[PDB]
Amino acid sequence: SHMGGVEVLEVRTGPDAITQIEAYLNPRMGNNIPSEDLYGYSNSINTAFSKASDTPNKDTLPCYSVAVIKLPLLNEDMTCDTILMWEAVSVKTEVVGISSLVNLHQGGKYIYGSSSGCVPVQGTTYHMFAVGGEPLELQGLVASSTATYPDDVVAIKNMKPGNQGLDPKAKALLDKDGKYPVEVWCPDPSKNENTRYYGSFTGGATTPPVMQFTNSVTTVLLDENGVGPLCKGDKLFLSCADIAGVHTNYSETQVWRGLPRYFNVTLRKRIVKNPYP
């Protein structure tokens, strides 16, 4: 016999330099208030009369979700040569409520005739998330520059046919929840140095949606220089859009269906040369 090591499991608090935050963001499909009958869906998609006359109704346009998480205060003021900042190092993220689509009794269009189940949510899907130290920077680009956007969303200013491609004047920040339409704004790849974003799109009229869920997967947020998003003003920005498809009603009107997203982000305190003038 001899003295030797044995590993005992116990509750461990990590070091003071590490923190984790959790949040969820509910979808902003157009009915964005929990009291609304169609919360989590858009209103019925109204289609253009013509190219020139294309005026989506209020609440028919899915928008990005964003939350700003206030992190623990690190500095007394911004006067020193170096400051402390939170660096986001990894994220675990999940789309919540996927199983809710496994439902063929909800009223709608029938799969076959009136004795069958109803058609589930299907068609175009769009799933993206971002984690950054400032708002996600957006680029405007639309299917049609002659669409008239509702007052209650943020559209491209002074739209022209050039906005059917990439016009460098069409820029915005994702700084408001449920206001920036998915069909108008995409992540700006010429910026976003301090954000990590990931997106998947599948189109088609009636395409089957595909989604995974697990609590086993972590995404590392460090860039090619080994540095994660640095949280300006001790704020963490979480952004997403999770359009599962459209639901079709018996009359063939259609509404977009979105799902919430969960985030768990790990951050560490870093010494940073002070960027604030």
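In this text, residue numbers run from 1 along the sequence as written.
A.B. asks: Can you tell me whether 73-81 has a higher mean C-alpha B factor than 140-148 in this record, or the other way round?
C.D. replies: So the stretch with the higher mean C-alpha B-factor is 73-81.
A.B. asks: Which is higher in the entry, the mean Cα B factor of 10-18 or that of 255-263?
C.D. replies: 10-18 has the higher mean C-alpha B-factor.
A.B. asks: Among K92, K157, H105, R196, where is the Cα B factor highest in this entry?
C.D. replies: That would be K157.
A.B. asks: Quick one: which of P208, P62, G228, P34 has the biggest Cα B-factor according to the entry?
C.D. replies: That would be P34.
A.B. asks: Ordered by C-alpha B-factor within the chain, which third holds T218? Give me lowest, middle or highest, please.
C.D. replies: Answer is middle: the recorded C-alpha B-factor places it there.
A.B. asks: Going by the CA temperature factor in the PDB record, which third of the chain does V66 belong to: lowest, middle or highest?
C.D. replies: Middle third - that is where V66 ends up once the chain's C-alpha B-factors are sorted.
A.B. asks: Relative to the other modelled residues in the chain, which third contains the C-alpha temperature factor of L236: lowest, middle or highest?
C.D. replies: It belongs to the middle third of the chain when residues are ordered by C-alpha B-factor.
A.B. asks: Quick check for you: using the entry's CA B-factors within this chain, is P181 in the lowest, middle or highest third?
C.D. replies: For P181, whose C-alpha B-factor we compare with every modelled residue in the chain, the answer is the lowest third.
A.B. asks: Taking the chain's C-alpha temperature factors as the reference, tell me which third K109 falls into: lowest, middle or highest.
C.D. replies: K109: CA B-factor falls in the middle third of its chain.
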